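Trainee: Sharing a structure, written as structure tokens. Questions coming.
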Amino acid sequence: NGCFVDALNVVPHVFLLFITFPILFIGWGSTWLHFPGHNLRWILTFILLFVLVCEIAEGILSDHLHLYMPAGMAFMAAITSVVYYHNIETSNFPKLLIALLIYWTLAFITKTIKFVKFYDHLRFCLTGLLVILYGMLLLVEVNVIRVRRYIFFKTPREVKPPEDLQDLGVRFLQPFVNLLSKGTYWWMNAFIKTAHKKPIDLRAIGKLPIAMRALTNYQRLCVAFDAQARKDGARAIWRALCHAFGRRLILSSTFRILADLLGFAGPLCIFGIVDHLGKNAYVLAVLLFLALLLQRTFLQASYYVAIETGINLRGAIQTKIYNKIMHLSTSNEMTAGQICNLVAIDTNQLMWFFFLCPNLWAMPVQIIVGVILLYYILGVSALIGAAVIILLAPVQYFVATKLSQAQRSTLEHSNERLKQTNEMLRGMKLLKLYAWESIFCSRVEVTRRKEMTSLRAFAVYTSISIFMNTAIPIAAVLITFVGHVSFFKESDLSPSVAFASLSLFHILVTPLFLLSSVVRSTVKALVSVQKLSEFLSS
Amino acid sequence: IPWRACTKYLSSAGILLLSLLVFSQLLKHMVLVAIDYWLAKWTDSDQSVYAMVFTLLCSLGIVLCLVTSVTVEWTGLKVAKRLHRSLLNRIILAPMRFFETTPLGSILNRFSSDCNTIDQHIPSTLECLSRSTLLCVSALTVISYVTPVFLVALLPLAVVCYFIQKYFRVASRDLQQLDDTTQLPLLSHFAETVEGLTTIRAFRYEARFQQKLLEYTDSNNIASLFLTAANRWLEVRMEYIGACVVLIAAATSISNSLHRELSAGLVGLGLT
Amino acid sequence: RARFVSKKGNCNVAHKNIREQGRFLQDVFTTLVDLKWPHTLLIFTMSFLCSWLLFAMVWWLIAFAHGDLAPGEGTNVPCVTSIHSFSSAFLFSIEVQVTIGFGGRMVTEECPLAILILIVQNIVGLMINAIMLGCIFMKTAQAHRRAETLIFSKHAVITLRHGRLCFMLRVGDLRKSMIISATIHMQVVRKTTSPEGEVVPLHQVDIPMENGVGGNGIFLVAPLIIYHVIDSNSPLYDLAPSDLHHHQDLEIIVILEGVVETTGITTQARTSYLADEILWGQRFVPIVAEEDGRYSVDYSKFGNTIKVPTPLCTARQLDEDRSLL
Amino acid sequence: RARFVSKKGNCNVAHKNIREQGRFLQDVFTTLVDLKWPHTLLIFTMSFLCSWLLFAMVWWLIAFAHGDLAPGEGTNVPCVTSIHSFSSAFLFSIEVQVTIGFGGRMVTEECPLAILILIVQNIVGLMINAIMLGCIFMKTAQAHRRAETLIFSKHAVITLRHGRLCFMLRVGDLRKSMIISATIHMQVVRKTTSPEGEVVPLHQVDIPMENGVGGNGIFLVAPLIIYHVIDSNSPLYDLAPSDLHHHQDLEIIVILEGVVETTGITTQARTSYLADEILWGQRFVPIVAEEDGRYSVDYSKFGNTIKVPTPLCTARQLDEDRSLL
Ligand SMILES: COc1ccc(Cl)cc1C(=O)NCCc1ccc(S(=O)(=O)NC(=O)NC2CCCCC2)cc1
Ligand SMILES: Nc1ncnc2c1ncn2[C@@H]1O[C@H](COP(=O)(O)OP(=O)(O)OP(O)(O)=S)[C@@H](O)[C@H]1O
Ligand SMILES: Nc1ncnc2c1ncn2[C@@H]1O[C@H](COP(=O)(O)OP(=O)(O)OP(O)(O)=S)[C@@H](O)[C@H]1O
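Protein chains in written order, with the UniProt record's numbering: chain A, 24 to 52, 63 to 96, 103 to 160, 167 to 277, 283 to 329, 354 to 406, 411 to 616; chain B, 996 to 1040, 1060 to 1286; chain C, 32 to 356; chain D, 32 to 356.
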């Protein structure tokens, strides 16, 4: 009785979609309360979305409406569960939660019946995954009733919605929104729309949450520094920062590596589609859509978490070196300029290095996956190509260094020019009282030519950089395709192979440039933290 | 900012290099698309002649790229030269009361930075903007030529981007300047503490000054934080649309170019 | 500048940081009886369609499960005679639910499970019909529209009556139907600082309406100018006539309450007059006129105003001059 | 210690030895319209099922008695065509009672006794349907939930305003919907002994709410601190500031009444403040603030309080010091 069990599954989705509509329509016609398992709930709901897409794929492969309707109904049921949970996060209730719990139990029952009747005789894996996800969501609901007040004894002892991010006027609410908007930044729609009309200012801007201030980051950093110095330096301050900023940085890094994996994965499903049509493809197309959106979302969340950790670190070490400025001795002009450079360039170097920290962990796995993937698509010839692109990364670094050198020289000349100007724009009446102005303008132009001369070499290096940027992508394909077919084995190169190689070439060219800047930033940050340690410990 | 500032900037270069830049860029992008267009016909299988034509296109691409880069360099340097000389000459012939009326900071500041800023960043950023816009137009034309109907589906979404453009800039500029402001009194404050350090440690006013510095660093962080939040916003939304377009392109390519057109060299270019 | 309550009678002050404990939905039907008509009609049709589709699904399933859905001749009688597909099942659901009872498809005495589904279908149908009638009727006692028909003059003037400064404002009725026992609560708001250093952002204070021996309420047949006399005890007594037009921030609101005749509900109306709306030293034009055998009221001159040569001075200084004259 | 009426607004005093003369049930529907929703829904389904089963039994019996129940072909026509067993009879009862009218089983013009049973079945059905709709609607005018949405600050403070001791308490609204003509009855209770040797266990006395020229009622838009001034005539005027916190037993309750707009019913809210809840010499933080173009109200500071350097002394001794200063 397969159709019978399909209908029995369709029923509970219908029940929930029908109870949701009155409440959703009343709610559709400023305190955020969060419950334990919220983030777990949303993660599991996205996994449900994915498995439901797979079920729809199965239903397309089989076709019999009644045989693939359960997926189309669970889709709206999960979306309506999301709508319910949004309506509960906005206003708390003990009853709406039970309204979810009933549906979870009934869906679990139906899935169990499906599993048994299948065992007695692709479907198996999808049904099992759905069973596990619904069970975990059930356990989450049981946790929620165990926490505060589903039925439990009389009073919830309810939390008293968090005043950190919800009390008196604050505008940057990142930690206090729905875990979907924590990814897609939906809370910025209101800000940006209001910003279009009225000019933004510090009165129109928010105030930083208690989660990120000078005091909070200073407290964590000084606690780590204390726990490290009680066990007694450059390595000490380093490990102190490391243990103080902890989980956020590694979380960003792992977001980043998972995104890198899915990005390396995209072109392979492109390849599969191209193969299938030349000789099971709509599924690959929708999977490509899903993988693109998820990969890019994870990449962006990674960027943001890293940036926020860096801003925390900047605030912390800034207020720390200001605290040190109070206890220093008078015997230690040049030190003042060194101090204000220690805040204007050294701290910015530290913070931008902390921006680029997760990229330094995620780059090697990216190039490794890239080379191993392209080898299995183009064979030995791939290796040759895989060399050329990689060879651009060290060369780039060299080029960059030359730029820096040039920059230094140019800056010198520029400074001198400014001096020869500051006089003329002060002795104005003196200058024009006898018209010696052209005589000084000749000298000013004499300086300018030297400045121009430096700029030629700088722009030549810039031109070489821009040239290599788009030359290596062309050269890779040239020396690879010409060196694959007409050189090695005369193997018939299907369109899939060539186009997958093209995609991977771009997906590998994009990260390669960043490794050079990462290396420069890392060495400069190491030097700047040595400097900060030498200063902070005088 | 209107097209008049850029018009004057490029007219200071002259008619000699304007077209030499623009047409060379157009031709480089046309070569960069045509190489893949010919590779599409290369795929299905005169393999040797095919590979030789591929080599010819690959050489044309790199030669044209070098030419374009040298053009941008030479033009930027000439423009900087002429602009500086004209600024100096026009400042020389001003009346005395003008010099007495205008503060020294503004007159000196333009030469100090504007000149420096332009020389350091205008050529590279202009080159990058041109390459980006032409690559985007080329990619749209490619995915249109591959699947005709897909073209008619992509013009709606692109119009969406227009609405995403305005609302961004009118804020992204604003926040930007705010950042600059919260950076200026902070550093200066630091310096004030260093010189008059004995007076401040004598008055025992350390607590109030530490309070002021926490206030200033908070005012800096809120700005530098909203700026990265807005950049993330624009990034994610533009990316969601860039994924919608590839979804629709693949969905049209699998059916139109296989069921009816039955041409396999097309879907490759479009998907890639 | 910011207004306290708008002219139309709606409240301006936007609320922030409401610790929602859920009472906003806990008022389940006293919430939606507030709504507009399109939303309430939408949610009523959605209630009805939701219930109908729920029971149509369960009936489809029960006819499928009994096997009566499998088309077969003999050896059975369907629990519901003449049922073939989902469509006819939904037709049966709407046939029994909303109590039309077509009877082309007959539920039979062979299956007691169908008896149970019917005996719950009908009672839930009747309960949801009962609430969806009571709440729409509780709605049609929305008489705020009768709060719309009342009107006040756009600006209020002050005058000198009986040797004392007075303020005059108009009201009036717009239909034949009277309003029972209407009462006037006339209030003034101002950012006030106490002698104890306490500053309030807004300070409501009652200014009396001056009728016979006492009384808070009035009788509305024709447009009646409400007549108060500010005295040294009154809170408004201290201001100046040249400082009101531009700078000062003084909202004088009036709240007229009363129960309409036919429905019996108690409605009210609220309006504000700003410091820039009110003016000084004028007099309204007489509306009522002895016509042919009745009193004609002309609402064209309702907001009309004539100049009157009255002395212009502050009520404090005017009281000091009354002490001098 | 024992409280008079609880914070939630419910009454605490438990009644003992009520000479029930039966009026508790004599209010038959004004009793059950008070009940919760599950009990009222239970008793409504039990009313309906009771009546349906009663008439299904009598119909089963009448079809049995006529002999039409005995399956036979010819020489008869059943009073109700196509009736076989009890189940189909109960199906006929629910078919005619709740007015679905399936018509598979036809009552015929051969037996007038069936006509009588139908003509009483339908009228009793209609009457019990009429009451079971009117009472559920009379229920959906439960607006006590609107008595739930009102809020008072947890504790009340006293201050010195205008050179005289004052007590300040907050109130406020929680929805857009206004409450018409709300009035304040502010009462104090205390175990009192008269000079005649009479001791009362509890003694309610009115303490006035001090508004303009008079008036018992107020106007609620934004949170308005209610402002009374205790004077030598007031009953609360005799206590001491150090004896209130721990020992004395003084409940100060406030009863705010008012009719909600949309339903028109008159609701109220009741709250108590104990001698240990109230405190001395403080000031609330200003809630209302001039925002962008409106007035923003922040309910986070609703219960917030700041210290104020005010003299601490008894109102009797403070009045004696005012006589001295
Ligand atoms: C160029 O992209 C990348 C592409 C790929 C990879 Cl594997 C890494 C990066 C990358 O950049 N590495 C992460 C670190 C990073 C730094 C800057 C930016 S950002 O977007 O340019 N800037 C902002 O978000 N906010 C700025 C931050 C400075 C204060 C003012 C606001 C975004 C991220
Ligand atoms: N314990 C009680 N509980 C409730 N109601 C009561 C109670 N006692 C009396 N009543 C009613 O309320 C009124 C109070 O009057 P009472 O104290 O009973 O004096 P009474 O003269 O004895 O009157 P009775 O008891 O009816 S002969 C009476 O009219 C009773 O009807
Ligand atoms: N921000 C708010 N919005 C709406 N209602 C509130 C808010 N804060 C409190 N309430 C309710 O109204 C009353 C005001 O008392 P409060 O200012 O909260 O003092 P409280 O002692 O902290 O009481 P709580 O918050 O319930 S422990 C409380 O009993 C709350 O139930």
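For every residue, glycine included, the Cβ atom is placed at its ideal position computed from N, Cα and C.
1) When a residue counts only if its C-beta is closer than 6 Å to some heavy atom of ligand 2, which residues count, in chain order?
2) Measure the C-alpha to C-alpha separation of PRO342 of chain D and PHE198 of chain D and round it to an integer number of angstroms.
3) Between which two residues does the alpha helix (DSSP H) holding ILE150 of chain C run?
4) Going along chain D in order, which residues have a C-beta closer than 9 Å to the C-beta of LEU213 of chain A?
5) Once the 5 residues before and after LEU614 of chain A are set aside, which same chain residues still bring their CB inside 7 Å of it?
6) Is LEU164 of chain C closer than 8 Å to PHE183 of chain C when the C-beta atoms are compared?
7) Between the alpha carbons of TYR330 of chain D and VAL222 of chain A, how many angstroms are there, rounded?
8) In chain order, what residues of the region 125-157 of chain A put their CB closer than 7 Å to some CB of chain D?
9) When a residue counts only if its C-beta is closer than 5 Å to some heavy atom of ligand 1, which residues count, in chain order?
10) Are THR302 of chain D and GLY132 of chain D closer than 8 Å when you measure CB to CB?
11) To be precise: take each residue of the region 280-307 of chain C, compare its Cβ to all Cβ atoms of chain D, and keep it if any distance is under 9 Å. Which residues remain?
12) Could you work out which residues of chain C lie near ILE250 of chain A, taking near to mean beta carbons separated by less than 8 Å?
13) For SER611 of chain A, would you say it is in contact with chain C, using Cβ-to-Cβ distances shorter than 8 Å as the test?
14) Under 8 Å, Cβ to Cβ, is there at least one residue of chain D near residue 368 of chain C?
15) Would DSSP call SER615 of chain A helix, strand or coil?
16) For the region 161-175 of chain C, which residues have a CB atom closer than 9 Å to at least one CB atom of chain D, in sequence order?
17) Could you check whether the Cβ of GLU203 of chain A sits closer than 8 Å to any Cβ belonging to chain D?
18) Return yes when at least one heavy atom of ligand 3 lies under 7 Å from the C-beta of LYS185 of chain D, else no.
19) If you follow the alpha helix (DSSP H) that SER1144 of chain B is part of, which residue opens it and which one closes it?
20) Please confirm if the region 106-119 of chain D is in contact with the region 136-146 of chain D, defined as three or more CB-CB distances below 8 Å between the two stretches.
21) Use the C-beta contact count for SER1006 of chain B: other C-beta atoms within 10 angstroms, 16 or more gives buried, fewer gives exposed.
22) Using only alpha-carbon positions, find the residue among B:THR1002, B:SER1233, B:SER1146 that is nearest to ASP1193 of chain B.
23) Listing by chain order, which chain A residues have their CB less than 8 Å from the CB of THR62 of chain C?
24) Between which two residues does the beta strand (DSSP E) carrying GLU51 of chain D extend?
25) CA-CA distance, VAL231 of chain D and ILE238 of chain D?
26) Check whether the Cβ atoms of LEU366 of chain A and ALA1264 of chain B lie closer than 8 Å to each other.
27) For ligand 3, is there any heavy atom lying closer than 7 Å to the beta carbon of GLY334 of chain D?
28) Determine whether the Cβ of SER459 of chain A lies closer than 8 Å to any Cβ atom of chain C.
29) Apart from the five residues just before and just after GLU126 of chain C, which ones in its own chain have a Cβ nearer than 7 Å to its Cβ?
30) Suppose contacts are defined by Cβ-Cβ distances below 8 Å. Is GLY1090 of chain B in contact with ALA537 of chain A by that definition?
31) May I have the straight-line CA-CA distance separating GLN52 of chain C from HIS175 of chain D, to the nearest angstrom?
32) Are there any heavy atoms of ligand 3 lying less than 7 Å away from the beta-carbon of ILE182 of chain D, as far as the coordinates show?
33) Return no unless some Cβ of chain D is closer than 8 Å to the Cβ of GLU91 of chain A.
34) Strictly below 8 Å CB to CB, what residues from chain B border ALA359 of chain A?
35) With a threshold of 7 Å, establish whether the CB of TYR330 of chain D neighbours any heavy atom of ligand 3.
36) Which of the residues in the region 1093-1107 of chain B, read from start to end, lie with their CB under 7 Å from any CB of chain G?
Mentor: Per the coordinate set shown:
1) With the cut-off at 6 Å, the residues found are D:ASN48, D:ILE49, D:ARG50.
2) Taking the straight line joining both Cα atoms gives about 14 Å.
3) Bounds of the alpha helix (DSSP H) holding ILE150 of chain C are 143-171.
4) For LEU213 of chain A, the chain D residues whose C-beta falls within less than 9 Å of its own C-beta are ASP329, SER331, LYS332, listed in chain order.
5) Around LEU614 of chain A: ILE395, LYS398.
6) Annotated as distal: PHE183 of chain C and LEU164 of chain C, with beta-carbon spacing of 8 Å or more.
7) For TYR330 of chain D and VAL222 of chain A, the distance between alpha carbons rounds to 21 Å.
8) Using a CB distance below 7 Å, no part of the region 125-157 of chain A faces chain D.
9) Qualifying residues, in the order they occur: A:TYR377, A:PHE433, A:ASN437, B:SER1238, B:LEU1241, B:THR1242, B:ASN1245.
10) No, they are not a contact pair.
11) Of all residues in the region 280-307 of chain C, only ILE284, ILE286, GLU288, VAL290, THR294, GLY295, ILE296, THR297, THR298, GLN299, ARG301 come within less than 9 Å of chain D when Cβ atoms are compared, listed by chain position.
12) The premise fails here: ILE250 of chain A is roughly 17 Å from chain C at the closest Cβ pair, so nothing lies under 8 Å.
13) Contact with chain C is absent for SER611 of chain A, since none of that chain's Cβ atoms lies less than 8 Å from the residue's Cβ.
14) Outside the displayed range of chain C (32 to 356) lies residue 368 of chain C, so it cannot be described from this structure.
15) The DSSP-derived three-state label of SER615 of chain A is coil.
16) Answer in chain order: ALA161, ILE162, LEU164, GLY165, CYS166, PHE168, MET169, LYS170, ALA172, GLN173, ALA174, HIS175.
17) By this cut-off, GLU203 of chain A is not an interface position.
18) Answer for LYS185 of chain D: yes, Cβ within range of ligand 3.
19) It spans 1129-1160 - the alpha helix (DSSP H) in which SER1144 of chain B sits, taken as one unbroken run.
20) Contact holds: three or more Cβ-Cβ distances are below 8 Å.
21) Counting other Cβ atoms within 10 Å of its Cβ, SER1006 of chain B stays below 16 and is therefore classed as exposed.
22) Of B:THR1002, B:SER1233, B:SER1146, the residue nearest in Cα terms is B:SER1233.
23) Ordered by position in chain A, the residues that pass the 8 Å Cβ test against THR62 of chain C are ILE49.
24) Here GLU51 of chain D belongs to no beta strand (DSSP E), and DSSP marks it neither H nor E.
25) The alpha-carbon separation between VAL231 of chain D and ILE238 of chain D amounts to approximately 19 Å.
26) Taking the C-beta atoms as reference points, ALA1264 of chain B is found no nearer than 8 Å to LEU366 of chain A.
27) For ligand 3, at least one heavy atom lies less than 7 Å from the Cβ of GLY334 of chain D.
28) Judged by the 8 Å Cβ criterion, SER459 of chain A is not in contact with chain C.
29) Taken in chain order, the residues that qualify are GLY132, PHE133.
30) A distance below 8 Å separates the beta carbons of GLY1090 of chain B and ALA537 of chain A.
31) Going by the C-alpha atoms only, they are around 16 Å apart.
32) Annotation for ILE182 of chain D indicates a beta carbon within 7 Å of some heavy atom of ligand 3.
33) Output row for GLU91 of chain A: interface = no.
34) Simply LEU1261, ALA1264, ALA1265, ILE1268.
35) Yes - ligand 3 has a heavy atom lying nearer than 7 Å to the Cβ of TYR330 of chain D.
36) This model lacks chain G altogether, as its protein chains are A, B, C and D.
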